[PDB]
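One structure below.
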Amino acid sequence: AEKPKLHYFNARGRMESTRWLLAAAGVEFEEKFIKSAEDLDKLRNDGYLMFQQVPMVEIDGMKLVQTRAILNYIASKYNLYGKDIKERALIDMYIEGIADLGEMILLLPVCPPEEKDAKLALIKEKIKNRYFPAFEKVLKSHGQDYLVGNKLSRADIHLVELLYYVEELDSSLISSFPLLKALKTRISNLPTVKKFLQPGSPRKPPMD
Amino acid sequence: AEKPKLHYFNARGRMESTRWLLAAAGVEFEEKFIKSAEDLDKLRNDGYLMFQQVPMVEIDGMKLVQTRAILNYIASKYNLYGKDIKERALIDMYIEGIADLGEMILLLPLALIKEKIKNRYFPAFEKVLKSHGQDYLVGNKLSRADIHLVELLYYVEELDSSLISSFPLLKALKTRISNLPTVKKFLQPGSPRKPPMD
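For the protein sequence lines, the chains are Z and S, in the order given.
Here the first sequence stands for residues 2 to 209, numbered as in UniProt numbering.
Here the second sequence stands for residues 2 to 110, 121 to 209, numbered as in UniProt numbering.
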């Protein structure tokens, strides 16, 4: 059960959703920071990156690249991917909706400054009219504690992670969604997650 | 015993990789084409799209959206996703590199695009075939990675026919998959396969 090793920069970027899932499942890990174009060159030049890029994760004797491959393997290994291929399809539809919204928030600060005001405007519109309504409807339809199978899964974790970034954006956006508000609370109080949210954890700060 | 129903435009777009995978697996399906903005308004008001967008596929009692959710279900049902958890990780790594390179090409409607091909993606898949010398990418058995890579090989071609020239094992994988009976039927005229944009 040796430790998985995360290779990335000292930032949120494309490694942060992997930090959140390993911690919620209670696994302990080490990180390898990248601080220069020289270290990035020795990984590459040493044959560690199949497509010459990070993120990279060493686990169970492998060297994986691509965020979605890293996340799907961990979720299976720790039983966080539902019980059968029909549960996985519901889970897959929900989390890809969440990654579509996350990616726009993620690239927002690299947009052209002359294009910045309209892109932001467009992202709260979708949050309000498309994505937040869709997930409140899911929880209302069955009235249960979790999004799928009445049991904790990766979908609850990736959703709650996104709710925090939205709050940093505009804390009024979640108001009219009381079922979402309460999920955020119940998940943030699980022992493994409450720790990861406490000061001193491997959680990383905004991309100042 | 009802067949899968695919809802999209009459074009390649974001439904074509799904067209390839079901045909390769021998599955007959139906298509309902979107041919006017009002067609798409009725799909929304009747409540068939969880996030108000297509593609959407009806299958085994459910309505699925998001291309990656749709493809993962189909690949597991017809045993084209590996035999265990580690075979699945090599397959996900390969096909998301492929979905990366294909995304750039799809939105194209380049020098950069041509450099990455010749120096990043094609040398990486030639290395994989050379490492074990077998006729398929993973587990010595036909998988979704083989189908998605060959579809891409056909698009890269339309762009520039000399890009593949220095990659002998890729040319040969292209030849053998195309000769599979389900796949050769799909490349023949009269199939659901779609033409390039014009």
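Just so it is clear, CB atoms sit at the ideal spot from N, CA and C, and this is done for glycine as well.
Going by beta-carbon coordinates alone, are residue i and residue j separated by less than 7 Å?
i: residue 93/S; j: residue 70/Z; result: yes
i: residue 175/S; j: residue 181/S; result: yes
i: residue 203/Z; j: residue 20/Z; result: yes
i: residue 62/Z; j: residue 193/Z; result: no
i: residue 39/Z; j: residue 6/Z; result: no
i: residue 86/S; j: residue 37/Z; result: no
i: residue 99/Z; j: residue 159/Z; result: yes
i: residue 32/S; j: residue 4/S; result: no
i: residue 22/Z; j: residue 96/Z; result: no
i: residue 57/Z; j: residue 135/S; result: no
i: residue 105/Z; j: residue 128/Z; result: no
i: residue 161/S; j: residue 195/S; result: no
i: residue 24/S; j: residue 197/S; result: yes
i: residue 64/S; j: residue 49/S; result: yes
i: residue 178/Z; j: residue 137/Z; result: yes
Any beta carbon of chain S sitting closer than 7 Å to that of residue i?
i: residue 94/Z; result: yes
i: residue 142/Z; result: no
i: residue 74/Z; result: yes
i: residue 90/Z; result: yes
i: residue 173/Z; result: no
i: residue 77/Z; result: yes
Just confirm the distance between the C-beta atoms of residue i and residue j, as a whole number of angstroms; I'd bet it's less than 8 Å.
i: residue 35/S; j: residue 55/S; result: 7 Å
i: residue 113/S; j: residue 13/S; result: Since the model of chain S passes from 110 to 121 in one step, residue 113/S is not part of what is shown.
i: residue 154/Z; j: residue 165/Z; result: Between residue 165/Z and residue 154/Z the Cβ distance is about 19 Å, and since that is not below 8 Å, they are no contact.
i: residue 53/S; j: residue 89/Z; result: No, residue 53/S and residue 89/Z are not in contact; Cβ-Cβ is about 23 Å, not under 8 Å.
i: residue 149/S; j: residue 102/S; result: Their Cβ separation, rounded to whole angstroms, is 19 Å, which puts residue 149/S and residue 102/S out of contact at 8 Å.
i: residue 109/Z; j: residue 120/Z; result: 6 Å
i: residue 200/S; j: residue 169/S; result: That belief does not hold up - the Cβ atoms of residue 200/S and residue 169/S are roughly 18 Å apart, past 8 Å.
Kindly say whether residue i, judged by its beta-carbon, lies nearer than 7 Å to any beta-carbon of chain Z.
i: residue 100/S; result: no
i: residue 11/S; result: no
i: residue 97/S; result: yes
i: residue 86/S; result: yes
Under the three-state reduction of DSSP, which class applies to residue i: helix, strand or coil?
i: residue 194/Z; result: helix
i: residue 109/S; result: coil
i: residue 132/S; result: helix
i: residue 32/S; result: strand
i: residue 7/S; result: strand
i: residue 60/Z; result: strand
i: residue 81/S; result: coil
i: residue 65/S; result: strand
i: residue 149/S; result: coil
i: residue 38/S; result: helix
i: residue 139/Z; result: helix
i: residue 95/Z; result: helix
i: residue 188/S; result: helix
i: residue 182/Z; result: helix
i: residue 14/S; result: coil
i: residue 175/S; result: coil
i: residue 2/Z; result: coil
i: residue 43/Z; result: helix
i: residue 103/Z; result: helix
i: residue 156/S; result: helix
i: residue 118/Z; result: helix
i: residue 204/S; result: coil
i: residue 49/Z; result: coil
i: residue 55/Z; result: coil
i: residue 26/S; result: coil
May I ask whether a heavy atom of the ligand MN can be found less than 6 Å away from the beta carbon of residue i?
i: residue 3/S; result: As for the ligand MN, it is missing from this structure, which has no ligand bound.
field: Within 7 Å of chain S by C-beta, residues of the segment 49–69 of chain Z in sequence order
entry: Those would be 51, 52, 53, 63, 65, 66, 67 and 69, in chain order.
- prompt: Closer than 8 Å, Cβ to any Cβ of chain A: which residues of the segment 129–140 of chain Z, in chain order?
  reply: The structure shown contains no chain A; its protein chains are Z and S.
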